[PDB]
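Examination of the molecular architecture
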Amino acid sequence: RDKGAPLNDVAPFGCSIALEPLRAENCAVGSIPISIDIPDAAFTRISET
Amino acid sequence: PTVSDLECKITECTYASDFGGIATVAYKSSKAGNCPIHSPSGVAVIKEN
């Protein structure tokens, strides 16, 4: 009752919190260099579209 | 069929070995039927005779 406020109410760059694995969910900040290897079967050949 | 007054264009040319290069051809025939094809230049090798 003379504490400070919670990090899910004072954090920056947009986070939420849990007493669970101690995650800080959904922190929207910056970029992520993401790269995928699609299954070639999922491709449609060009001569059909 | 005489096919002239046509048009040809690649649509997805694959700079490659397997027959990845494709090209639509705006065929402008007189009769209707078969039409043998070939590139007299050796640049292009075609899967369809």
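Rules and cut-offs
- Counting of residues restarts from 1 for each chain and follows the sequence as written, so the numbers need not equal those of the entry; residues with no coordinates are not shown.
- Starting at A for chains and at 1 for ligands, labels are handed out in the order in which the entities are written.
- Shown here is a subset of chains from a larger assembly, with all values computed for this subset only.
- Side-chain calculation: all heavy atoms of the structure are included, whereas hydrogens and water are not.
- Here a strand is any run of E in DSSP of at least two residues, a helix any run of H or I of at least four, and the numbering for each starts at the N terminus.
- Throughout, exposure labels follow a simple rule: accessible area from a 1.4 Å probe, protein chains only, divided by the maximum for the residue type, with under 20% read as buried, over 50% as exposed, and the rest as partly exposed.
- Note on contacts: a residue pair qualifies if any of its non-hydrogen atoms lie within 4.5 Å across the two residues.
- Only the protein chains shown count as cover for residues, with accessible areas throughout obtained via the Shrake-Rupley method and a probe of 1.4 Å.
- Positive charges are assigned to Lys and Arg, negative charges to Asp and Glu, while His and the chain termini are left out of the count.
- Working definition for charges: the position is that of NZ of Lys, CZ of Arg, CG of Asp or CD of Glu.
- Any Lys or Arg side-chain nitrogen found within 4 Å of a carboxyl oxygen on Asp or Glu counts as a salt bridge.
- Any N or O atom pair separated by 3.5 Å or less is treated as a polar contact, with the protein-specific requirement of one donor-capable and one acceptor-capable atom, and with residues adjacent in sequence counted only for side-chain atom pairs.
- Only a pair of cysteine sulfur atoms within 2.5 Å qualifies as a disulfide here.

In its metadata, the entry names cryo-EM as the structure determination method and reports 7.5 Å as the resolution.

1. Notes on the overall build of chain B
Within chain B one finds 0 helices and 2 strands. Each principal axis of the C-alpha distribution contributes one length, and for chain B these read about 35 × 20 × 15 Å. The buried share of chain B, reckoned over its 49 residues, is 6%. A fraction of 35% describes how many contacts in chain B between residues 6 or more apart in sequence connect residues 24 or more apart. Carbon and sulfur atoms provide 55% of the accessible area of chain B, an area that totals close to 4,400 Å². Between the mean site of the 4 positive side-chain charges and the mean site of the 5 negative ones, chain B shows a separation of 10 Å.

2. Here we look at the pattern of salt bridges
Residue and element names in this part refer to chain A. Evaluation of the coordinates by the stated rule reveals 5 salt bridges over all chains. Between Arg1 and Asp2 there is a salt bridge, with the nearest N and O atoms lying 2.5 Å from each other. As far as burial versus exposure is concerned, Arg1 and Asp2 are alike and both exposed. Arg23 serves as the salt-bridge partner of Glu20, at 2.5 Å between the closest nitrogen and oxygen. You can call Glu20 partly exposed: its relative accessible area is 46%.

3. Some details on the side chain of A:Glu25
Residues and elements named next belong to chain A. For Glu25, the position within the fold is in strand β2 (residues 24-25). From its side chain, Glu25 meets the backbone nitrogen of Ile17 in a polar contact 3.1 Å long. A distance of 2.5 Å separates a polar atom in the side chain of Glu25 from a polar atom in the side chain of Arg23. The contacts of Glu25, once residues within four sequence positions are left out, are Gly14, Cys15, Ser16, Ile17 and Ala18.

4. Some points on the environment of A:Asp37
With respect to the secondary-structure elements, A:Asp37 resides in the segment after β2. When the C-alpha positions of A:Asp37 and A:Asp2 are compared, they lie 53 Å apart, and in sequence the two are 35 residues distant.

5. Brief notes about the state of the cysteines
Going through the model one piece at a time under the given rule, you end up with 1 disulfide over all chains. Between the sulfur atoms of A:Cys15 and its disulfide mate A:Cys27 the distance is 2.0 Å. The chirality of the disulfide connecting A:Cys15 with A:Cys27 is right-handed, given an S-S dihedral of about 135°. Of this pair, A:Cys15 sits in the loop between α1 (7-10) and β1 (16-17) while A:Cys27 is found in the segment after β2, placing the two residues 12 residues apart along the sequence. Residue A:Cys27 is classed as partly exposed on the basis of its relative accessible area of 31%. The closest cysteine sulfur to the non-disulfide-bonded B:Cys13 is located on B:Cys8, 11 Å from its own sulfur. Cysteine B:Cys35 shares no disulfide, and the gap to the nearest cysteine sulfur, in B:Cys8, comes to 12 Å.

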